[PDB]
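Peer 1: Kindly generate the corresponding structure for this input.
(6 chains)
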There are 6 protein chains.
Amino acid sequence: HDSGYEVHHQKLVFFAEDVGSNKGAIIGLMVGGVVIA
Amino acid sequence: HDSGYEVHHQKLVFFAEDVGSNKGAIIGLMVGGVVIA
Amino acid sequence: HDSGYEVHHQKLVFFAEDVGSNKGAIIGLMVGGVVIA
Amino acid sequence: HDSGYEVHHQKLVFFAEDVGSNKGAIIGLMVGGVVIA
Amino acid sequence: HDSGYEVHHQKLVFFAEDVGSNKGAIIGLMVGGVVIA
Amino acid sequence: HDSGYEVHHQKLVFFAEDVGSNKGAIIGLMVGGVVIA
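Peer 2: Residues are numbered from 1 along each chain as shown, chains lettered A, B, ... in the order given. Shown next is the protein structure:
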């Protein structure tokens, strides 16, 4: 991310609450790789 | 992201609450990679 | 993003609340990569 | 229904295929009673 | 139903195939009674 | 149902195949009684 030299208080929040059915992908934070279906 | 040298208080919030059905992709933050369906 | 040298209080909020059906893509923040369907 | 005296070959077909979310009522054949939400 | 005296070949088909989420009522054939939510 | 005197070949089919989540009622054939949620 923001590489720099110094990073102070950082707070991330990712979620998914009420999913009935899921046949695909629910990804929070994606930086690389491959995700199929 | 904002690489720089210093990054103070940063706060991210991503979510998805009431999803009935999902057959595709629900991605919060995408920087790279491949996501199929 | 805004690389610079210093970044103070930053706050992002992304969400999707009431989705009945989803067959495509629901992306919050997109910087790179490939997303198919 | 068609009370009469005689009823020959009768064929009914009711269905619901692809429903994402449902918060109400999905009734096929209604003759009486009470259905709330 | 069709009370009468005689009823020959009768065929009913009720179904619901792909329901993601359900918070209400999915009733096939209703003749009486009470159904709440 | 069709009380009458005689009833020949009768065939009923009720089903529900792919339900992700269910918080309500999924009733096939309702003649009486009370069903809450």
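
Peer 1: And for residue A:24, the neighbour number?
Peer 2: Look at residue A:24: counted by other C-beta atoms under 10 Å in any protein chain shown, it has 22 neighbours. The C-beta positions use only the backbone N, C-alpha and C, and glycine is treated the same way.

Peer 1: And for residue A:16?
Peer 2: Residue A:16 has 19 neighbours, counted by other C-beta under 10 Å.

Peer 1: For it, which non-adjacent residue is closest in space?
Peer 2: Nearest residue to residue A:16 in three dimensions, chain neighbours excluded: residue B:16, at 4.8 Å (C-beta to C-beta, 6 or more residues apart in numbering or on different chains).

Peer 1: Likewise for residue A:18?
Peer 2: What sits nearest to residue A:18 in space, not counting adjacent residues and going by C-beta to C-beta, 6+ apart, is residue B:18, at 4.8 Å.

Peer 1: In contact with that neighbour: list those residues for me.
Peer 2: The contact partners of residue B:18, by C-beta atoms under 8 Å, 6 or more residues apart in numbering or on different chains, come to A:17-18, C:17-19, D:21.

Peer 1: now do residue A:19
Peer 2: Neighbouring residues of residue A:19 by C-beta under 8 Å, 6+ apart: A:26, B:16, B:19, B:22, F:20.

Peer 1: The helix or strand residue A:27 falls within vs chain C: in contact?
Peer 2: Secondary structure assigned from DSSP states H and E places residue A:27 in strand A:25-30. Yes - Strand A:25-30 reaches chain C (C-beta under 8 Å from any C-beta of the partner chain) through residue A:30.

Peer 1: Would you mark the buried spots in the longest strand along chain A?
Peer 2: Scanning chain A for the strand with the most residues, using DSSP state E, yields strand A:10-22. By 16 or more other C-beta atoms under 10 Å in any protein chain shown, the buried positions in strand A:10-22 come out as A:14, A:16, A:19-22.

Peer 1: And the residues you listed, which is closest to residue B:31?
Peer 2: Using C-beta to C-beta, residue A:14 comes nearest to residue B:31 of the buried residues of strand A:10-22, at 13.7 Å.

Peer 1: Quick check: bridge partners of that closest one?
Peer 2: Using DSSP bridges, the bridge partners assigned to residue A:14 are residue B:14.

Peer 1: Hmm, it is touching residue B:16, no?
Peer 2: No - contact criterion C-beta atoms under 8 Å: residue A:14 and residue B:16 do not qualify, at 9.5 Å.

Peer 1: hang on, the earlier thing: farthest pair within the buried residues of strand A:10-22?
Peer 2: Greatest spatial distance among those (C-beta to C-beta): A:14 and A:21, at 20.4 Å.

Peer 1: coming back round to it: now do the longest strand of chain A against strand F:10-22, angle only.
Peer 2: 180 degrees (axes from the mean of the first three to the mean of the last three C-alpha atoms, to 10 degrees).

Peer 1: now the angle from strand A:10-22 to strand A:25-30?
Peer 2: 170 degrees.

Peer 1: ok, now which ones touch the closest residue to residue A:28 other than its chain neighbours?
Peer 2: Take residue A:28 and drop its neighbours on the chain: the residue closest to it by C-beta to C-beta, 6+ apart is residue A:14, 3.7 Å away. Neighbour list for residue A:14: A:28-29, B:14-15, B:28-29 [criterion: C-beta under 8 Å, 6+ apart].

Peer 1: Output these in CSV; the columns should cover distance to residue B:1.
Peer 2: Below are these laid out as CSV (distance: C-beta to C-beta, whole Å):
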residue, distance to residue B:1
A:28, 16
A:29, 12
B:14, 14
B:15, 20
B:28, 14
B:29, 10
